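Report on the following structure.
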Amino acid sequence: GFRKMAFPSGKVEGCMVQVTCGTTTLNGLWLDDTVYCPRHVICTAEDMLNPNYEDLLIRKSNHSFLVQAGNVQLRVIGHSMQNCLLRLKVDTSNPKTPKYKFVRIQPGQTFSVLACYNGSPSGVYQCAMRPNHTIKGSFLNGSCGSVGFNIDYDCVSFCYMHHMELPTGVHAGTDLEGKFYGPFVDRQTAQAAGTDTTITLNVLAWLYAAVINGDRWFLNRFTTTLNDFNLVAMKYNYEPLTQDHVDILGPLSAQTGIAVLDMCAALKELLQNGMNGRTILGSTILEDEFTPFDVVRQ
Amino acid sequence: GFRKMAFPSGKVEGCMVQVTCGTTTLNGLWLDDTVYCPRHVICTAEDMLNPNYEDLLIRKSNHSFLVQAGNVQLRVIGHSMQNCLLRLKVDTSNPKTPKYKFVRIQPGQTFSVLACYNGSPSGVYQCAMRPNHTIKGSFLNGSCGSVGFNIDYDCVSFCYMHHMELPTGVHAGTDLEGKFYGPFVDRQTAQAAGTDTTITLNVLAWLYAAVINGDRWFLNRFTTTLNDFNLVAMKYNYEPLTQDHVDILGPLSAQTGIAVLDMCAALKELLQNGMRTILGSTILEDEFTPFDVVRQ
Ligand SMILES: O=c1cc(-c2ccccc2)oc2cc(O)c(O)c(O)c12
């Protein structure tokens with residue numbers, strides 16, 4: 001009844017191409033006359049903490065990159081490195097280029113991922129940027145260069161390009177300027193992310209979504225202080241709630257009729273006692289990948 | 001890393017339009033020179049208690065249906081009824097019509113929904129045809145005509161068109177021939193879905209997925225016949241397992257080394273004793289197919 005939804009992916013699907021350098025093939029994003037892809041496509045198996053990407057790329061030519069848009073092949077007439085991305089300039093300008101921008105999303109925010117393989121889209125799902133700057137996504141081999149995005153109006157805000165899977169199985173990538181999210185580097189060495197936490201602002205948004213959907217069982221008559229709640233949050237590996245967070249939830253406090261500090265009391269009770277086998281909005285776990293904005297849209 | 005994934009929606013977005021008739025607008029599906037939409041578009045709020053569609057349809061002309069594909073308007077050149085669907089022959093053939101079929105989805109199978117409002121795609125989600133022929137979808141006021149679909153290769157198998165919410169909160173609709181899923185009718189009436197049952201095939205697939213992910217407390221060394229398993233399942237309102245279901249679980253069984261009937265013996269104990277968490281939750285997921293699982 002209330003479920004994760006992904007943006008319609010059509011404006012992105014039209015931008016997906018396949019980029020091959022040597023014996024390596026991944027996905028790239030074709031916008032106007034530029035193709036973006038992860039730079040480790042030049043990289044053989046010297047990915048193993050060896051890569052000097054400046055050295056590997058100086059030895060390449062436009063000729064060494066093969067880019068296919070569906071059936072058609074596009075001629076690479078230029079190339080450059082932007083952080084951990086390749087910028088391939090091509091002769092044809094994507095007729096399907098949408099209105100778009102590049103944005104760097106902040107932890108806790110959500111976006112849709114179009115999981116791609118050899119340049120053909122295969123799946124779409126919603127997810128979130130974790131506090132430790134990883135995403136708990138679904139990426140197989142060949143998904144590299146898949147992009148994450150939000151759509152507002154006719155405009156596509158790209159926020160993520162996929163680069164690698166970490167040992168723990170979470171995923172790491174960059175924005176569309178090629179700067180990584182988090183402490184990661186694009187080399188096949190072992191890398192740990194920071195210890196993750198739970199997105200408090202999103203759980204509270206979700207609890208509001210349950211109230212707005214006719215699920216009030218977890219509420220109570222109590223209340224707590226911002227700091228008094230925050231003390232419970234730390235004991236449970238939850239992100240401290242900022243005063244601004246409260247201000248973000250204002251509109252939802254209104255429609256629900258529950259004061260933000262009251263919902264914290266409810267949440268504090270849920271964390272301490274558990275859920276006793278009941279469910280909220282259909283889930284038996286405190287759900288932290290809907291934003292206030294997401295809940296408003298449904 | 002197990003998430004519900006929807007198919008890419010773009011091959012379907014290219015086909016969504018806006019049908020208006022009177023003061024009622026909903027969504028329509030535009031393939032070639034025909035536009036498909038729910039026939040209840042021609043009803044008034046009054047004529048919703050016991051409508052005679054053939055009557056209401058005879059009392060309408062081409063010029064009675066407004067079909068808008070974005071800013072452009074399409075001209076209705078013809079119109080007929082196909083069961084619970086209106087077929088509007090249109091001015092133009094859709095330049096963006098993909099390779100497609102009309103398939104009839106079986107209970108337990110899944111599909112992607114493109115939730116549209118005013119012909120404008122809003123969002124994509126995945127869901128399953130429940131055994132009681134409803135779906136637990138996400139459809140607000142204005143979603144009728146939104147379409148459900150699967151993609152295999154470059155081809156869109158259309159399988160659902162949305163028509164109604166039932167008082168349960170769940171949703172009912174037709175295939176793209178206009179034949180409803182279930183016993184439901186496009187009249188405001190006292191219809192309601194039957195008792196739902198759990199899709200046992202998908203729960204068994206979920207258990208294989210959890211085993212693959214390192215969760216395996218629920219296994220046991222007991223065994224069960226198909227027949228003794230099916231008898232227990234039905235007492236708990238789980239679908240009985242068919243011969244074909246057992247085969248569809250073949251790949252997952254071998255990948256795990258857990259024989260199908262051994263996983264059934266584990267599910268049997270969970271049904272009779274309860275749970276403890278599986279893949280993070282205490283309720284068994286039943287909308288993840290065996291196919292969803294093998295993809296990872
Ligand atoms: O997960 C991936 C990781 C890497 C990689 C290479 C060097 C250092 C770190 C990661 O390359 C890839 C290339 C692909 O075509 C693909 O589908 C992938 O999933 C990966």
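Letters A, B, ... are given to chains in the order of the sequence lines, protein chains preceding strands, and every chain is numbered from 1. Each ligand, and each atom within it, is numbered from 1 in the order the structure gives. All values below were derived from every heavy atom in this structure, side-chain atoms included, with hydrogens, water molecules and symmetry-related copies excluded.
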**Message:** If you take the centroid of each ring, where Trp contributes its six-membered ring, are A:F2 and A:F290 closer together than 6.0 Å?
**Reply:** yes
**Fill in**
Taking only non-hydrogen atoms of A:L140 and a 4.0 Å limit, the atoms of ligand 1 in range are 17 (O), 19 (O)
**The one among A:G142, A:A172, A:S146, A:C37 that brings a heavy atom closest to atom 16 (C) of ligand 1** = A:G142
**Request:** Go through the steps to decide whether A:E287 and A:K4 satisfy the test salt bridge (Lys or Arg N to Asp or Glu O under 4.0 Å), and finish with yes or no.
**Result:** CA-CA 11 Å; A:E287 190 78 40; A:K4 265 151 194 158; 2.7 Å; yes
**Message:** Less than 4.5 Å apart, side chain to side chain, heavy atoms only: is that true for B:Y208 and B:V203?
**Reply:** no
**Asked** Is there a nitrogen or oxygen of A:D186 sitting under 3.5 Å from a nitrogen or oxygen of ligand 1?
**Response** no
**Prompt:** Mind checking whether A:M164 has an N or O less than 3.5 Å away from an N or O of ligand 1?
**Reply:** no
**Prompt:** Relative to the heavy atoms of A:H163, which atoms of ligand 1 are at a distance of less than 4.0 Å?
**Reply:** 2 (C), 3 (C), 4 (C), 10 (C)
**Message:** Which label fits A:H40 and A:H163: parallel for a plane angle under 30°, tilted from 30 to 60°, or perpendicular past 60°?
**Reply:** perpendicular
**Message:** Looking only at the side chains, is there a donor atom on one of A:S157 and A:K101 sitting less than 3.5 Å from an acceptor on the other?
**Reply:** yes
**Message:** At under 4.0 Å between heavy atoms, is it the side chain or the backbone of A:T25 that contacts ligand 1, or both, or neither?
**Reply:** backbone
**Message:** Check this for me - ligand 1, A:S143, N or O atoms closer than 3.5 angstrom, yes or no?
**Reply:** yes
**Parallel, tilted or perpendicular, as decided by the 30° and 60° cut-offs, for the rings of A:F158 and A:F102** = perpendicular
